[PDB]
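The file work.txt contains compact mmCIF, N, CA, C and O atoms:
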```txt
# COMPACT_ATOMS: atom_id res chain seq x y z
N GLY A 1 -14.15 31.31 105.49
CA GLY A 1 -15.15 30.56 104.69
C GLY A 1 -14.55 29.93 103.44
O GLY A 1 -13.33 29.96 103.27
N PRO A 2 -15.39 29.34 102.56
CA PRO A 2 -14.97 28.70 101.32
C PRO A 2 -14.58 29.73 100.24
O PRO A 2 -14.82 30.93 100.38
N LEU A 3 -13.98 29.24 99.14
CA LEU A 3 -13.51 30.04 98.01
C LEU A 3 -13.63 29.25 96.69
O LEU A 3 -13.35 28.05 96.65
N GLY A 4 -14.04 29.93 95.61
CA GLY A 4 -14.22 29.35 94.28
C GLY A 4 -12.92 29.25 93.47
O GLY A 4 -11.99 30.03 93.66
N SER A 5 -12.86 28.29 92.55
CA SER A 5 -11.68 28.02 91.70
C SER A 5 -11.53 29.04 90.54
O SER A 5 -12.51 29.54 90.00
N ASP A 6 -10.28 29.30 90.13
CA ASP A 6 -9.91 30.18 89.01
C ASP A 6 -9.85 29.45 87.64
O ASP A 6 -9.44 30.03 86.63
N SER A 7 -10.25 28.18 87.60
CA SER A 7 -10.18 27.29 86.43
C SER A 7 -11.09 26.06 86.58
O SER A 7 -11.52 25.72 87.68
N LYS A 8 -11.36 25.38 85.46
CA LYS A 8 -12.22 24.18 85.38
C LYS A 8 -11.99 23.36 84.10
O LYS A 8 -11.54 23.90 83.08
N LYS A 9 -12.28 22.06 84.14
CA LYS A 9 -12.07 21.12 83.03
C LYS A 9 -13.26 21.12 82.04
O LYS A 9 -14.42 21.12 82.47
N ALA A 10 -12.99 21.11 80.73
CA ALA A 10 -14.00 21.35 79.70
C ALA A 10 -13.74 20.63 78.36
O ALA A 10 -12.63 20.22 78.02
N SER A 11 -14.81 20.53 77.57
CA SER A 11 -14.84 20.10 76.16
C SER A 11 -15.60 21.15 75.33
O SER A 11 -16.48 21.84 75.85
N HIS A 12 -15.30 21.28 74.03
CA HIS A 12 -15.96 22.24 73.14
C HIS A 12 -16.05 21.80 71.66
O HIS A 12 -15.38 20.86 71.22
N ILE A 13 -16.86 22.52 70.89
CA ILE A 13 -17.02 22.41 69.43
C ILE A 13 -16.90 23.81 68.81
O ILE A 13 -17.45 24.76 69.37
N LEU A 14 -16.25 23.92 67.64
CA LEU A 14 -16.28 25.09 66.76
C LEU A 14 -17.08 24.76 65.49
O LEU A 14 -16.80 23.77 64.81
N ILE A 15 -18.01 25.64 65.12
CA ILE A 15 -18.68 25.68 63.81
C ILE A 15 -18.32 27.01 63.13
O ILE A 15 -18.82 28.07 63.50
N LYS A 16 -17.42 26.96 62.14
CA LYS A 16 -16.96 28.15 61.40
C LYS A 16 -18.09 28.82 60.59
O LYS A 16 -18.75 28.16 59.78
N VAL A 17 -18.25 30.14 60.75
CA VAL A 17 -19.10 30.99 59.90
C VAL A 17 -18.22 31.69 58.86
O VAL A 17 -17.19 32.27 59.20
N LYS A 18 -18.65 31.66 57.60
CA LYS A 18 -18.02 32.34 56.46
C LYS A 18 -19.00 33.32 55.78
O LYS A 18 -20.19 33.03 55.64
N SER A 19 -18.50 34.47 55.34
CA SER A 19 -19.26 35.45 54.54
C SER A 19 -19.35 35.05 53.05
O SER A 19 -20.32 35.41 52.36
N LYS A 20 -18.37 34.29 52.54
CA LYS A 20 -18.34 33.76 51.18
C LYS A 20 -19.13 32.44 51.06
O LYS A 20 -19.03 31.56 51.91
N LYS A 21 -19.86 32.27 49.95
CA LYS A 21 -20.60 31.03 49.64
C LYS A 21 -19.68 29.89 49.16
O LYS A 21 -20.01 28.71 49.32
N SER A 22 -18.53 30.22 48.58
CA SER A 22 -17.62 29.27 47.91
C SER A 22 -16.55 28.64 48.83
O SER A 22 -15.89 27.68 48.43
N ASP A 23 -16.35 29.16 50.05
CA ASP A 23 -15.34 28.66 50.99
C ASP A 23 -15.75 27.32 51.63
O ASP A 23 -16.84 27.19 52.20
N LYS A 24 -14.85 26.33 51.57
CA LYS A 24 -15.07 24.98 52.13
C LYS A 24 -14.70 24.85 53.62
O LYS A 24 -15.01 23.84 54.25
N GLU A 25 -14.03 25.86 54.19
CA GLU A 25 -13.55 25.89 55.58
C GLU A 25 -14.71 25.91 56.60
O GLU A 25 -14.62 25.27 57.66
N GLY A 26 -15.80 26.62 56.29
CA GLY A 26 -17.00 26.74 57.12
C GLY A 26 -18.30 26.76 56.32
O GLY A 26 -18.33 26.32 55.17
N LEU A 27 -19.37 27.24 56.95
CA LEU A 27 -20.72 27.32 56.38
C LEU A 27 -21.24 28.77 56.34
O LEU A 27 -20.68 29.66 56.98
N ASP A 28 -22.33 29.00 55.61
CA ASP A 28 -23.12 30.24 55.70
C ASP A 28 -23.72 30.40 57.11
O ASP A 28 -24.00 29.40 57.78
N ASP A 29 -23.95 31.63 57.57
CA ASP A 29 -24.32 31.93 58.96
C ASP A 29 -25.61 31.22 59.44
O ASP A 29 -25.66 30.75 60.57
N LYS A 30 -26.61 31.07 58.56
CA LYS A 30 -27.85 30.34 58.86
C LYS A 30 -27.64 28.81 58.94
O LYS A 30 -28.25 28.14 59.78
N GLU A 31 -26.75 28.26 58.11
CA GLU A 31 -26.42 26.83 58.07
C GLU A 31 -25.52 26.44 59.25
O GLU A 31 -25.73 25.40 59.87
N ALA A 32 -24.57 27.31 59.62
CA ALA A 32 -23.74 27.18 60.82
C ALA A 32 -24.59 27.21 62.10
O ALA A 32 -24.42 26.36 62.98
N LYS A 33 -25.54 28.15 62.20
CA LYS A 33 -26.47 28.24 63.33
C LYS A 33 -27.35 26.99 63.45
O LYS A 33 -27.49 26.43 64.54
N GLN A 34 -27.90 26.49 62.33
CA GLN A 34 -28.69 25.25 62.30
C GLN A 34 -27.84 24.04 62.73
O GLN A 34 -28.27 23.28 63.60
N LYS A 35 -26.63 23.89 62.19
CA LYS A 35 -25.70 22.82 62.58
C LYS A 35 -25.38 22.89 64.08
O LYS A 35 -25.45 21.87 64.77
N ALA A 36 -25.07 24.08 64.61
CA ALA A 36 -24.80 24.30 66.03
C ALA A 36 -26.00 23.93 66.92
O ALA A 36 -25.82 23.25 67.93
N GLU A 37 -27.22 24.31 66.53
CA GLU A 37 -28.44 23.96 67.27
C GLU A 37 -28.74 22.45 67.25
O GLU A 37 -29.10 21.90 68.29
N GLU A 38 -28.58 21.77 66.11
CA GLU A 38 -28.90 20.34 66.02
C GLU A 38 -27.88 19.44 66.75
O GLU A 38 -28.26 18.40 67.28
N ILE A 39 -26.60 19.84 66.84
CA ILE A 39 -25.62 19.11 67.67
C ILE A 39 -25.74 19.47 69.15
O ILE A 39 -25.62 18.56 69.98
N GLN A 40 -26.07 20.72 69.50
CA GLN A 40 -26.36 21.14 70.88
C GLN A 40 -27.43 20.24 71.51
O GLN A 40 -27.19 19.64 72.55
N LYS A 41 -28.60 20.09 70.88
CA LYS A 41 -29.67 19.26 71.43
C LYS A 41 -29.32 17.76 71.51
O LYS A 41 -29.89 17.05 72.35
N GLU A 42 -28.36 17.29 70.71
CA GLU A 42 -27.86 15.91 70.74
C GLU A 42 -26.75 15.69 71.78
O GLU A 42 -26.73 14.63 72.42
N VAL A 43 -25.84 16.65 72.01
CA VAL A 43 -24.81 16.54 73.06
C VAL A 43 -25.33 16.92 74.46
O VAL A 43 -24.82 16.42 75.46
N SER A 44 -26.35 17.78 74.56
CA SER A 44 -26.95 18.19 75.84
C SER A 44 -27.76 17.06 76.51
O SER A 44 -27.68 16.87 77.72
N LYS A 45 -28.49 16.26 75.72
CA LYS A 45 -29.24 15.09 76.23
C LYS A 45 -28.33 13.90 76.63
O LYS A 45 -28.77 13.03 77.39
N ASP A 46 -27.09 13.87 76.15
CA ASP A 46 -26.09 12.84 76.48
C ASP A 46 -24.65 13.40 76.32
O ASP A 46 -24.09 13.37 75.21
N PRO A 47 -24.02 13.90 77.41
CA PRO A 47 -22.69 14.49 77.37
C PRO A 47 -21.56 13.45 77.24
O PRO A 47 -20.43 13.83 76.95
N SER A 48 -21.84 12.15 77.40
CA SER A 48 -20.86 11.09 77.11
C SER A 48 -20.67 10.89 75.59
O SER A 48 -19.58 10.50 75.14
N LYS A 49 -21.68 11.22 74.78
CA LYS A 49 -21.60 11.24 73.31
C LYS A 49 -20.94 12.53 72.75
O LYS A 49 -20.62 12.57 71.56
N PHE A 50 -20.69 13.55 73.59
CA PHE A 50 -20.03 14.79 73.18
C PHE A 50 -18.70 14.52 72.46
O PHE A 50 -18.46 15.10 71.41
N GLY A 51 -17.88 13.59 72.97
CA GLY A 51 -16.57 13.26 72.39
C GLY A 51 -16.63 12.53 71.05
O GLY A 51 -15.73 12.70 70.22
N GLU A 52 -17.70 11.78 70.79
CA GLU A 52 -17.96 11.13 69.50
C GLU A 52 -18.52 12.14 68.48
O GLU A 52 -18.14 12.12 67.31
N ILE A 53 -19.42 13.03 68.91
CA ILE A 53 -20.06 14.04 68.05
C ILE A 53 -19.07 15.16 67.68
O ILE A 53 -18.96 15.49 66.50
N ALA A 54 -18.31 15.70 68.63
CA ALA A 54 -17.31 16.74 68.38
C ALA A 54 -16.25 16.29 67.37
O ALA A 54 -15.91 17.04 66.45
N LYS A 55 -15.77 15.05 67.49
CA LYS A 55 -14.76 14.46 66.60
C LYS A 55 -15.22 14.35 65.13
O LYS A 55 -14.39 14.42 64.22
N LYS A 56 -16.53 14.22 64.88
CA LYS A 56 -17.12 14.26 63.53
C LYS A 56 -17.51 15.68 63.08
O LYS A 56 -17.23 16.07 61.95
N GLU A 57 -18.19 16.44 63.95
CA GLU A 57 -18.93 17.65 63.56
C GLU A 57 -18.17 18.97 63.78
O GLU A 57 -18.49 19.96 63.13
N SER A 58 -17.16 19.03 64.66
CA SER A 58 -16.37 20.25 64.89
C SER A 58 -15.37 20.52 63.76
O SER A 58 -14.69 19.61 63.28
N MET A 59 -15.23 21.79 63.36
CA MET A 59 -14.24 22.24 62.38
C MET A 59 -12.86 22.58 62.99
O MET A 59 -11.90 22.76 62.24
N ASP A 60 -12.73 22.66 64.32
CA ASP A 60 -11.43 22.83 64.99
C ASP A 60 -10.71 21.48 65.14
O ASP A 60 -10.81 20.81 66.18
N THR A 61 -9.95 21.08 64.11
CA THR A 61 -9.16 19.84 64.07
C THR A 61 -8.12 19.74 65.18
O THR A 61 -7.72 18.62 65.53
N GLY A 62 -7.72 20.86 65.79
CA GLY A 62 -6.79 20.91 66.92
C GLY A 62 -7.37 20.35 68.23
O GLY A 62 -6.61 19.89 69.08
N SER A 63 -8.69 20.35 68.39
CA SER A 63 -9.38 19.72 69.54
C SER A 63 -10.28 18.55 69.15
O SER A 63 -10.38 17.59 69.92
N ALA A 64 -10.91 18.56 67.97
CA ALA A 64 -11.79 17.49 67.49
C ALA A 64 -11.09 16.12 67.43
O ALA A 64 -11.65 15.11 67.86
N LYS A 65 -9.84 16.09 66.97
CA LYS A 65 -9.00 14.87 66.94
C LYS A 65 -8.57 14.40 68.34
O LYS A 65 -8.14 13.26 68.51
N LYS A 66 -8.74 15.25 69.37
CA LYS A 66 -8.63 14.93 70.80
C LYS A 66 -10.02 14.84 71.49
O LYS A 66 -10.15 15.12 72.69
N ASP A 67 -11.07 14.50 70.74
CA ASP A 67 -12.45 14.24 71.21
C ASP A 67 -13.15 15.52 71.73
O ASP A 67 -14.02 15.47 72.60
N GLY A 68 -12.73 16.69 71.24
CA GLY A 68 -13.23 18.01 71.64
C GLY A 68 -12.67 18.52 72.96
O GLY A 68 -13.06 19.61 73.40
N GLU A 69 -11.79 17.78 73.64
CA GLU A 69 -11.28 18.14 74.96
C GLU A 69 -10.33 19.35 74.92
O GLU A 69 -9.40 19.40 74.11
N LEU A 70 -10.54 20.30 75.83
CA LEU A 70 -9.63 21.42 76.10
C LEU A 70 -8.73 21.16 77.32
O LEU A 70 -7.69 21.82 77.47
N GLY A 71 -9.12 20.23 78.20
CA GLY A 71 -8.52 20.07 79.53
C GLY A 71 -8.99 21.18 80.47
O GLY A 71 -10.12 21.67 80.34
N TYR A 72 -8.15 21.59 81.42
CA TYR A 72 -8.43 22.73 82.30
C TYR A 72 -8.31 24.08 81.56
O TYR A 72 -7.24 24.41 81.04
N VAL A 73 -9.40 24.85 81.53
CA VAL A 73 -9.48 26.20 80.96
C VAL A 73 -9.25 27.22 82.08
O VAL A 73 -9.95 27.19 83.10
N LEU A 74 -8.27 28.11 81.89
CA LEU A 74 -7.97 29.22 82.79
C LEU A 74 -8.78 30.46 82.37
O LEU A 74 -8.99 30.70 81.18
N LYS A 75 -9.20 31.28 83.34
CA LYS A 75 -9.86 32.57 83.05
C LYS A 75 -8.96 33.48 82.20
O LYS A 75 -7.76 33.62 82.46
N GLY A 76 -9.53 34.10 81.15
CA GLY A 76 -8.84 34.98 80.20
C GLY A 76 -8.23 34.29 78.97
O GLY A 76 -7.72 34.99 78.09
N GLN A 77 -8.28 32.96 78.86
CA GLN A 77 -7.75 32.22 77.70
C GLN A 77 -8.70 32.26 76.49
O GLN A 77 -8.23 32.29 75.35
N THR A 78 -10.01 32.25 76.74
CA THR A 78 -11.08 32.17 75.73
C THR A 78 -11.80 33.51 75.56
O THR A 78 -11.53 34.47 76.29
N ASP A 79 -12.73 33.57 74.61
CA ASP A 79 -13.63 34.72 74.41
C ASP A 79 -14.50 35.00 75.65
O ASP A 79 -14.83 34.08 76.41
N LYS A 80 -14.90 36.26 75.85
CA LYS A 80 -15.74 36.65 76.99
C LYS A 80 -17.13 35.98 76.99
O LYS A 80 -17.66 35.65 78.06
N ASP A 81 -17.69 35.71 75.81
CA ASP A 81 -18.94 34.97 75.63
C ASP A 81 -18.77 33.48 75.97
O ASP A 81 -19.61 32.89 76.66
N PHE A 82 -17.64 32.88 75.55
CA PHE A 82 -17.28 31.50 75.83
C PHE A 82 -17.06 31.28 77.34
O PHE A 82 -17.60 30.34 77.91
N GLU A 83 -16.32 32.18 77.99
CA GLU A 83 -16.05 32.15 79.43
C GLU A 83 -17.36 32.28 80.24
O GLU A 83 -17.60 31.47 81.14
N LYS A 84 -18.23 33.23 79.90
CA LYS A 84 -19.54 33.40 80.55
C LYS A 84 -20.41 32.14 80.44
O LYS A 84 -21.06 31.74 81.41
N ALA A 85 -20.40 31.48 79.28
CA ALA A 85 -21.16 30.25 79.02
C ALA A 85 -20.55 28.98 79.65
O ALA A 85 -21.29 28.03 79.90
N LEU A 86 -19.25 28.97 79.94
CA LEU A 86 -18.53 27.85 80.58
C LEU A 86 -18.59 27.93 82.12
O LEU A 86 -18.91 26.93 82.77
N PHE A 87 -18.27 29.07 82.72
CA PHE A 87 -18.11 29.19 84.17
C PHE A 87 -19.44 29.13 84.95
O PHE A 87 -19.41 28.87 86.16
N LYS A 88 -20.59 29.24 84.28
CA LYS A 88 -21.92 28.99 84.88
C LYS A 88 -22.30 27.49 85.01
O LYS A 88 -23.25 27.16 85.72
N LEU A 89 -21.59 26.58 84.31
CA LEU A 89 -21.92 25.15 84.23
C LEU A 89 -21.53 24.37 85.50
O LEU A 89 -20.47 24.62 86.09
N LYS A 90 -22.33 23.38 85.87
CA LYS A 90 -21.98 22.35 86.87
C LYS A 90 -21.08 21.26 86.25
O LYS A 90 -20.95 21.15 85.03
N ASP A 91 -20.47 20.40 87.07
CA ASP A 91 -19.65 19.27 86.60
C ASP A 91 -20.48 18.30 85.73
O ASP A 91 -21.54 17.83 86.13
N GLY A 92 -20.00 18.04 84.50
CA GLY A 92 -20.68 17.22 83.49
C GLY A 92 -21.78 17.94 82.69
O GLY A 92 -22.37 17.32 81.81
N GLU A 93 -22.08 19.21 82.99
CA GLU A 93 -23.19 19.96 82.38
C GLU A 93 -22.80 20.59 81.03
O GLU A 93 -21.62 20.85 80.76
N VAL A 94 -23.79 20.84 80.17
CA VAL A 94 -23.66 21.40 78.81
C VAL A 94 -24.33 22.78 78.73
O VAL A 94 -25.38 23.00 79.33
N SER A 95 -23.73 23.69 77.97
CA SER A 95 -24.21 25.06 77.75
C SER A 95 -25.33 25.16 76.68
O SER A 95 -26.48 24.80 76.94
N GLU A 96 -25.01 25.69 75.50
CA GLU A 96 -25.91 26.23 74.48
C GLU A 96 -25.12 26.58 73.20
O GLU A 96 -23.91 26.38 73.15
N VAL A 97 -25.78 27.14 72.19
CA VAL A 97 -25.12 27.74 71.02
C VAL A 97 -24.59 29.13 71.41
O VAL A 97 -25.37 30.07 71.60
N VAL A 98 -23.27 29.26 71.53
CA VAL A 98 -22.55 30.48 71.93
C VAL A 98 -21.94 31.13 70.68
O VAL A 98 -21.15 30.50 69.99
N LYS A 99 -22.27 32.40 70.39
CA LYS A 99 -21.72 33.12 69.24
C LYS A 99 -20.42 33.88 69.59
O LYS A 99 -20.35 34.57 70.61
N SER A 100 -19.41 33.80 68.71
CA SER A 100 -18.09 34.43 68.85
C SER A 100 -17.55 34.88 67.47
O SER A 100 -18.21 34.70 66.44
N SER A 101 -16.35 35.46 67.41
CA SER A 101 -15.76 36.03 66.17
C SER A 101 -15.54 35.01 65.03
O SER A 101 -15.48 35.40 63.86
N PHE A 102 -15.42 33.72 65.35
CA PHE A 102 -15.22 32.62 64.39
C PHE A 102 -16.54 32.04 63.84
O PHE A 102 -16.54 31.29 62.86
N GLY A 103 -17.68 32.37 64.47
CA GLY A 103 -18.98 31.74 64.23
C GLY A 103 -19.62 31.27 65.53
O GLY A 103 -19.83 32.06 66.45
N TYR A 104 -19.97 29.98 65.59
CA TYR A 104 -20.68 29.38 66.72
C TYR A 104 -19.84 28.33 67.46
O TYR A 104 -19.08 27.57 66.86
N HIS A 105 -20.01 28.27 68.78
CA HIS A 105 -19.38 27.31 69.68
C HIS A 105 -20.42 26.63 70.57
O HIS A 105 -21.44 27.23 70.93
N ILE A 106 -20.15 25.38 70.95
CA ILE A 106 -20.93 24.61 71.94
C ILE A 106 -19.95 24.12 73.00
O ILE A 106 -18.86 23.65 72.64
N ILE A 107 -20.29 24.23 74.28
CA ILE A 107 -19.36 23.99 75.41
C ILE A 107 -19.97 23.03 76.44
O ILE A 107 -21.14 23.16 76.81
N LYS A 108 -19.15 22.11 76.93
CA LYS A 108 -19.44 21.17 78.02
C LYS A 108 -18.40 21.34 79.14
O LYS A 108 -17.19 21.39 78.88
N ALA A 109 -18.83 21.36 80.40
CA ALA A 109 -17.96 21.14 81.56
C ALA A 109 -17.82 19.63 81.82
O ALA A 109 -18.77 18.87 81.62
N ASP A 110 -16.65 19.17 82.25
CA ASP A 110 -16.34 17.74 82.44
C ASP A 110 -16.41 17.31 83.92
O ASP A 110 -16.38 18.14 84.83
N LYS A 111 -16.50 15.99 84.16
CA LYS A 111 -16.61 15.36 85.49
C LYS A 111 -15.28 15.35 86.26
O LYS A 111 -14.27 14.83 85.72
```

Any chance you could put this one into structure tokens?
Amino acid sequence: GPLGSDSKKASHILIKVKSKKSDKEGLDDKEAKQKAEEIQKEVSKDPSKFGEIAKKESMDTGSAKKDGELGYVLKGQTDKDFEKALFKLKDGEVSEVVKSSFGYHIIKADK
């Protein structure tokens, strides 16, 4: 019979959570959650705008300057919450606000 793949192509956003009010690197946990929710509802209704929105709104400059693209993600490379939220997606589909050790993430599977 058929068999499923060990990897898939993806895009993502990082929203940094900080415990300090004075740090410019990220936001307070309620402001990070609000930012993550308002970009989620904007990238989920149009995943072709994901690359324009991630490049402005993501704090991970290592992927945001590449339009939020990760390329092919292998199992075990990312957080267990990130992997669970990615591997359930169809081609071109968008996840949700995913919480991890850095704060909040938003994830898209690619075509």

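For the atom pair formed by atom O of residue A:93 and atom O of residue A:36, the distance is 13.7 Å, given to one decimal.
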
Worksheet, complete the sentence: If you count only C-alpha atoms, the residue of A:7, A:109, A:101, A:15 closest to residue A:64 turns out to be A:15

Worksheet, complete the sentence: The residue from A:89, A:95, A:1, A:59 with the smallest atom-to-atom distance to residue A:26, counting all atoms listed in the file, is A:59

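Distance check against residue A:80 using only C-alpha atoms: of A:111, A:99, A:24, A:65, the minimum falls on A:99.
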
Worksheet item: Among chain A, which ones does DSSP place in strand (DSSP E), written as a PyMOL selection string?
Response: chain A and resi 7-16+69-74+94-100+103-109

Worksheet entry | Distance criterion (only C-alpha atoms): nearest to residue A:13 out of A:32, A:70, A:54, A:86 |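 For residue A:13, the nearest of the given residues is A:54.
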
Worksheet item: Neighbours of residue A:74 within 6 Å (all atoms listed in the file; same-chain residues fewer than 4 positions away dropped), as a list in words?
Response: residues 6, 7, 8 and 78 of chain A

Limited to N, CA, C and O atoms, could you put the picked residues into a file as a PDB file, in the coordinates of the input?
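That gives us out12.pdb:
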```
ATOM      1  N   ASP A   6     -10.280  29.300  90.130  1.00  0.00           N
ATOM      2  CA  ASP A   6      -9.910  30.180  89.010  1.00  0.00           C
ATOM      3  C   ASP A   6      -9.850  29.450  87.640  1.00  0.00           C
ATOM      4  O   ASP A   6      -9.440  30.030  86.630  1.00  0.00           O
ATOM      5  N   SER A   7     -10.250  28.180  87.600  1.00  0.00           N
ATOM      6  CA  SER A   7     -10.180  27.290  86.430  1.00  0.00           C
ATOM      7  C   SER A   7     -11.090  26.060  86.580  1.00  0.00           C
ATOM      8  O   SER A   7     -11.520  25.720  87.680  1.00  0.00           O
ATOM      9  N   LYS A   8     -11.360  25.380  85.460  1.00  0.00           N
ATOM     10  CA  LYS A   8     -12.220  24.180  85.380  1.00  0.00           C
ATOM     11  C   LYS A   8     -11.990  23.360  84.100  1.00  0.00           C
ATOM     12  O   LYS A   8     -11.540  23.900  83.080  1.00  0.00           O
ATOM     13  N   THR A  78     -10.010  32.250  76.740  1.00  0.00           N
ATOM     14  CA  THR A  78     -11.080  32.170  75.730  1.00  0.00           C
ATOM     15  C   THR A  78     -11.800  33.510  75.560  1.00  0.00           C
ATOM     16  O   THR A  78     -11.530  34.470  76.290  1.00  0.00           O
TER      17      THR A  78
END
```
